[PDB]
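All remarks here apply to the structure that follows.
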Amino acid sequence: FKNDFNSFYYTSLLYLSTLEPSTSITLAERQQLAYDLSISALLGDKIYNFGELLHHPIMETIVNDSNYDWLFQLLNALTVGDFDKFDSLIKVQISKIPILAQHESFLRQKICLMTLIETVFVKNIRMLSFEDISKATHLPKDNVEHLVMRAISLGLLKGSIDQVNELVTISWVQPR
């Protein structure tokens, strides 16, 4: 309460940083911390990388036990923008989990935000069209403007939508 998930995630990582190697945390508490970090990233105002989380040694505690394999594979599918893997898990894990069901549209938007931002970064594209973005997000061209506008609200990039032309121009973006 009176927090954001990116902030909770950061405090959660910082707690590992402040602890001595003789950690009070256990394997069981690490499984819960790995889970909580990941749910926080899945709902994160500021997580865009995800790749560091997906390989942080904290996660060894769940992947080696298949403890939260569904959550891990969901955050993996976001990390690579793999809509088919994401959709196959979303088709089950949203329905079974009330927090994720409340955030169903946040999950499906975060993959879309991230897929575009990665594309713009790695392919070094600086002008795009609503068509290409719609292929990369599965939103219709008539709605995709609002998704990419929200990325600028999140402060991830410096760009301008050119919706009258069905276009976008980016000029800076956070590294993937």
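Letters A, B, ... mark the chains of the structure tokens in the order given; residue numbers begin at 1 per chain; ligand numbers begin at 1, in order shown.
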Kindly provide the residues of stretch 100-150 of chain A that approach stretch 33-43 of chain A to within 8 Å, each paired with its closest atom pair and their distance in Å to one decimal, based on only C-alpha atoms, listed by chain and increasing number, as a tab-separated table.
```
residue	atom	partner	partner_atom	distance
A:103	CA	A:43	CA	7.8
A:106	CA	A:43	CA	7.0
A:107	CA	A:42	CA	6.6
A:110	CA	A:42	CA	7.5
```
Polymer residues at most 10 Å from residue A:109, only C-alpha atoms, same-chain spacing of 5 or more positions, as a PDB file with C-alpha atoms, in the first residue's frame:
```
ATOM      1  CA  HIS A 103      -4.383  -6.626 -14.649  1.00  0.00           C
ATOM      2  CA  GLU A 104      -5.101  -8.703 -17.813  1.00  0.00           C
ATOM      3  CA  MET A 114       8.347  -3.707 -24.394  1.00  0.00           C
ATOM      4  CA  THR A 115       8.299  -5.411 -27.850  1.00  0.00           C
ATOM      5  CA  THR A 137       1.372  -5.543 -30.520  1.00  0.00           C
ATOM      6  CA  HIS A 138      -1.746  -7.179 -32.075  1.00  0.00           C
ATOM      7  CA  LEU A 139      -3.733  -3.955 -31.482  1.00  0.00           C
ATOM      8  CA  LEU A 147      -0.414   2.134 -26.379  1.00  0.00           C
ATOM      9  CA  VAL A 148       2.646   3.919 -27.783  1.00  0.00           C
ATOM     10  CA  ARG A 150       1.501   5.456 -22.872  1.00  0.00           C
ATOM     11  CA  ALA A 151       5.166   4.422 -23.355  1.00  0.00           C
TER      12      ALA A 151
END
```
Neighbour list for residue A:116 as a count of residues only, cut-off 10 Å, only C-alpha atoms, skip fewer than 6 positions in-chain:
10
Rank A:28, A:161, A:113, A:167 by their smallest atom-to-atom distance to residue A:46, using only C-alpha atoms, and report the top residue only.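 Looking only at the distances to residue A:46, the closest residue turns out to be A:113.
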Give me, as a PyMOL selection string, all polymer residues having an atom no more than 12 Å from residue A:69, counting only C-alpha atoms and skipping those fewer than 2 positions away in the same chain.
chain A and resi 31+34-35+38+54+59-67+71-77+89+93
- Query: For the atom pair atom CA of residue A:12 and atom CA of residue A:25, what is the interatomic distance in Å to one decimal place?
  - Reply: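 One can read the atom CA of residue A:12 to atom CA of residue A:25 distance as 12.0 Å.
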task: Return as number ranges by chain the full set of residues in stretch 54-143 of chain A whose backbone-based DSSP assignment is alpha helix (DSSP H).
output: A: 60-63, 69-80, 83-96, 98-102, 104-122, 130-135, 141-143
Q | Polymer residues at most 7 Å from residue A:169, only C-alpha atoms, same-chain spacing of 2 or more positions, as a list in words | A |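 My reading of the contact set: residues 126, 127, 128, 159, 160, 161 and 171 of chain A.
Across the model, the gap from atom CA of residue A:175 to atom CA of residue A:52 is 12.6 Å.
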Exercise for review: Would you return as an MDAnalysis selection string the members of chain A that DSSP assigns to strand (DSSP E or B) on this structure's backbone?
Suggested key: chainID A and resid 127:129 157:162 167:173
Writer output for current selection, N, CA, C and O atoms, as a PDB file, in the first residue's frame:
```
ATOM      1  N   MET A 127      11.783   6.006 -37.013  1.00  0.00           N
ATOM      2  CA  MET A 127      10.472   6.347 -37.534  1.00  0.00           C
ATOM      3  C   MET A 127       9.759   5.032 -37.844  1.00  0.00           C
ATOM      4  O   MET A 127      10.350   4.149 -38.466  1.00  0.00           O
ATOM      5  N   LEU A 128       8.509   4.894 -37.402  1.00  0.00           N
ATOM      6  CA  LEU A 128       7.691   3.690 -37.566  1.00  0.00           C
ATOM      7  C   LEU A 128       6.287   4.095 -37.990  1.00  0.00           C
ATOM      8  O   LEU A 128       5.914   5.264 -37.863  1.00  0.00           O
ATOM      9  N   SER A 129       5.499   3.119 -38.445  1.00  0.00           N
ATOM     10  CA  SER A 129       4.130   3.330 -38.888  1.00  0.00           C
ATOM     11  C   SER A 129       3.222   2.445 -38.045  1.00  0.00           C
ATOM     12  O   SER A 129       3.649   1.383 -37.581  1.00  0.00           O
ATOM     13  N   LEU A 157      11.205   6.610 -23.284  1.00  0.00           N
ATOM     14  CA  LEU A 157      11.719   7.073 -24.544  1.00  0.00           C
ATOM     15  C   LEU A 157      11.381   8.548 -24.699  1.00  0.00           C
ATOM     16  O   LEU A 157      10.528   9.077 -23.981  1.00  0.00           O
ATOM     17  N   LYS A 158      12.002   9.182 -25.687  1.00  0.00           N
ATOM     18  CA  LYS A 158      11.678  10.529 -26.122  1.00  0.00           C
ATOM     19  C   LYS A 158      11.238  10.359 -27.559  1.00  0.00           C
ATOM     20  O   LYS A 158      12.044   9.961 -28.402  1.00  0.00           O
ATOM     21  N   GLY A 159       9.962  10.593 -27.830  1.00  0.00           N
ATOM     22  CA  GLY A 159       9.414  10.532 -29.175  1.00  0.00           C
ATOM     23  C   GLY A 159       8.131  11.346 -29.273  1.00  0.00           C
ATOM     24  O   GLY A 159       7.689  11.944 -28.287  1.00  0.00           O
ATOM     25  N   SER A 160       7.535  11.340 -30.463  1.00  0.00           N
ATOM     26  CA  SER A 160       6.291  12.014 -30.786  1.00  0.00           C
ATOM     27  C   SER A 160       5.512  11.107 -31.736  1.00  0.00           C
ATOM     28  O   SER A 160       6.056  10.611 -32.729  1.00  0.00           O
ATOM     29  N   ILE A 161       4.237  10.869 -31.428  1.00  0.00           N
ATOM     30  CA  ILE A 161       3.309  10.213 -32.319  1.00  0.00           C
ATOM     31  C   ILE A 161       2.935  11.239 -33.402  1.00  0.00           C
ATOM     32  O   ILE A 161       2.895  12.448 -33.154  1.00  0.00           O
ATOM     33  N   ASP A 162       2.633  10.745 -34.598  1.00  0.00           N
ATOM     34  CA  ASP A 162       2.258  11.500 -35.787  1.00  0.00           C
ATOM     35  C   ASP A 162       0.999  10.832 -36.348  1.00  0.00           C
ATOM     36  O   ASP A 162       0.957  10.322 -37.469  1.00  0.00           O
ATOM     37  N   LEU A 167       1.763   7.502 -38.069  1.00  0.00           N
ATOM     38  CA  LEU A 167       3.207   7.335 -37.913  1.00  0.00           C
ATOM     39  C   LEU A 167       3.676   7.675 -36.497  1.00  0.00           C
ATOM     40  O   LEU A 167       2.910   8.181 -35.675  1.00  0.00           O
ATOM     41  N   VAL A 168       4.951   7.401 -36.221  1.00  0.00           N
ATOM     42  CA  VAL A 168       5.651   7.716 -34.978  1.00  0.00           C
ATOM     43  C   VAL A 168       7.083   8.109 -35.343  1.00  0.00           C
ATOM     44  O   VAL A 168       7.653   7.537 -36.276  1.00  0.00           O
ATOM     45  N   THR A 169       7.685   9.010 -34.563  1.00  0.00           N
ATOM     46  CA  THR A 169       9.102   9.339 -34.634  1.00  0.00           C
ATOM     47  C   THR A 169       9.659   9.261 -33.208  1.00  0.00           C
ATOM     48  O   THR A 169       9.168   9.943 -32.310  1.00  0.00           O
ATOM     49  N   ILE A 170      10.661   8.413 -32.985  1.00  0.00           N
ATOM     50  CA  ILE A 170      11.409   8.295 -31.740  1.00  0.00           C
ATOM     51  C   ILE A 170      12.752   9.018 -31.939  1.00  0.00           C
ATOM     52  O   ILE A 170      13.301   8.997 -33.041  1.00  0.00           O
ATOM     53  N   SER A 171      13.312   9.589 -30.869  1.00  0.00           N
ATOM     54  CA  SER A 171      14.598  10.279 -30.894  1.00  0.00           C
ATOM     55  C   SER A 171      15.568   9.820 -29.792  1.00  0.00           C
ATOM     56  O   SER A 171      16.772  10.042 -29.929  1.00  0.00           O
ATOM     57  N   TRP A 172      15.098   9.141 -28.738  1.00  0.00           N
ATOM     58  CA  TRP A 172      15.933   8.476 -27.742  1.00  0.00           C
ATOM     59  C   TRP A 172      15.100   7.367 -27.109  1.00  0.00           C
ATOM     60  O   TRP A 172      13.875   7.485 -27.057  1.00  0.00           O
ATOM     61  N   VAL A 173      15.742   6.325 -26.582  1.00  0.00           N
ATOM     62  CA  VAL A 173      15.072   5.244 -25.877  1.00  0.00           C
ATOM     63  C   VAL A 173      16.031   4.659 -24.830  1.00  0.00           C
ATOM     64  O   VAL A 173      17.246   4.630 -25.048  1.00  0.00           O
TER      65      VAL A 173
END
```
Among A:100, A:156, A:85, A:165, residue A:47 is approached most closely, using only C-alpha atoms, by A:156
